[PDB]
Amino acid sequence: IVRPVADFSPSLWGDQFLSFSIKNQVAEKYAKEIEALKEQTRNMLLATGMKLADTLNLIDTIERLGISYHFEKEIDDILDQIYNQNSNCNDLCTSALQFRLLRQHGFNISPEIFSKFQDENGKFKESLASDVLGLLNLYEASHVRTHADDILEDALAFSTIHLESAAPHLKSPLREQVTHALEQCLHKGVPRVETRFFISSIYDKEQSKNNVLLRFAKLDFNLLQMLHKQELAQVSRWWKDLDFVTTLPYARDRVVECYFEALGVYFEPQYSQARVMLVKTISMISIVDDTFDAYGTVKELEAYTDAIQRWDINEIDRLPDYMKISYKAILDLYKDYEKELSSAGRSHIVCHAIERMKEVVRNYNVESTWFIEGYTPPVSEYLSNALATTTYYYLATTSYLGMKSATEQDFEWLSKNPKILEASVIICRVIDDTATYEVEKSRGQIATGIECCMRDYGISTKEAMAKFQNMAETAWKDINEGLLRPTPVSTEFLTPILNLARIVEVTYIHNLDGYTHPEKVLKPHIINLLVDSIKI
């Protein structure tokens, strides 16, 4: 049997992550000062008689500095109270910020706060075009719209045109903040990435900066980075022992990239265990994808699918040699999962993640069949299979495994394919097909998402690409709507789904597969998040 040619580039990273020894003295020094700075920060938030604009600017700063995970109660109480006071404020800057912070935290504040800034048609008064800060905040707020927010239909285009016009003459670092926002808005960015940029390129360079807050953010970012470095070391050891880089040389070698993805789903230390489990699944399912996609044969892929469906060690002998590697590693990864959760009595929940992995594999197989036959389904039929081949129902289920508070009713909710999860899956799927379109019409892909769409509707490649853009916009409005209270589960179980959508946007920025081709988009992030500390 003849297999296809290996074209995946090797891991950029070698072994620079394989061993990290925490300087335990440094850590304890950071932690001790952090405790002091934490209380100073708290007392800032609990301070009385602050004006509205100063309270929102404080919370916004703490959030961009990446330290708001320390003050979830205090921030919640202050925004709640702001929500219920429905105060009037005649300042675009403060109104737009009030809107974004409330919406991001689930409070369904009314978009009518923006009507006083519009003319008749509900178009923004162009007299506002010289209010750079107001424009900046309207621009960030315009990314948290729901379907009930068509007052804001114009805010993105209006704020964008005038930020571009103003940017070249703005002072620093405001200029760099605006330029960055136009390339990457806050709401759809990965939080650690946005936080590293804010600390280093913006706040550190602010004439007005608060020194307590800056030192806090620098120390906290560097202290957490040490934890992530440990995790990546241990995950890097795990990957090494499996040695798929030699035994399965057809597969992408990307455990570091998988770690970055999992660090986007959550970065806080309380999710250390969840983070490590999640990375391992991403790795493994990336292997199964390379097998179906650029190596295995029709007959082989079917025995793989059946074996996965059956999910029993007895089945290895039914599969060719190399597939036995994949198969046993998968089954043992899940025995390990069951062991990690024993102590706490949560071993049973592994089966949810398993059922979603079986589903992924089935749909890989269907997609193979469609390719071998040259079948070009209608869009509806394409999606009923290709949504799950994003792995996003699978990764979202996985993300809960390590979260100690995840209950069985939380997994029940996720199994019913709730609206927020589906939106996140749709974003992943259409970003994929827009990016990997051409590159797969080269390898003779006949059932690419875009193709199905053109043939189904009778429309050119462009119009089809714009139709996928619309499903993504619809999907982001659905995610934003899914964060509004009352939430169907704790917000703690909603954020991973939202972060899954962020991860996809950040990895395919500028329409290029950054996981397979990490050097251009993911490499600078991995360096800023996992190599270089923030110079204090």
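When you see a residue number, it is the position in the sequence shown, counting from 1.
S.K.: Would you mind comparing 264-272 and 239-247 for me and telling me which has the higher average C-alpha temperature factor in the entry?
M.R.: Taking the mean C-alpha B-factor of 264-272 and of 239-247, the larger value falls to 239-247.
S.K.: Of 459-467 and 369-377, which one has the bigger average CA B-factor?
M.R.: It is 459-467 that shows the higher mean C-alpha B-factor.
S.K.: Per the coordinate record, which of the options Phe158, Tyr382, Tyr322, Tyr392 holds the highest CA temperature factor?
M.R.: Reading the PDB entry, the winner on C-alpha B-factor is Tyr322.
S.K.: Can you pull the Cα B-factors for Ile420, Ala303, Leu163, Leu224 from the entry and say which is highest?
M.R.: The C-alpha B-factor peaks, among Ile420, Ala303, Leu163, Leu224, at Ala303.
S.K.: Using the B-factor values recorded in the entry, state whether the Cα atom of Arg103 falls in the lowest, middle or highest third among the modelled residues of its chain.
M.R.: Tercile = lowest for this residue's CA B-factor.
S.K.: Would the CA B-factor of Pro486 place it in the lowest, middle or highest third of its chain?
M.R.: Its C-alpha B-factor belongs to the middle third of this chain's values.
S.K.: Based on the deposited C-alpha B factors for this chain, I'd like to know if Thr507 is in the lowest, middle or highest third.
M.R.: Middle third, going by the recorded CA B-factors of the chain.
S.K.: Taking the values exactly as deposited, rank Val132 by C-alpha B-factor within its chain and report the matching third: lowest, middle or highest.
M.R.: Within its chain, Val132 is a lowest-third residue by C-alpha B-factor, going by the deposited values.
S.K.: What third of its chain's C-alpha B-factors does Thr195 belong to: lowest, middle or highest?
M.R.: It falls in the bottom third of the chain.
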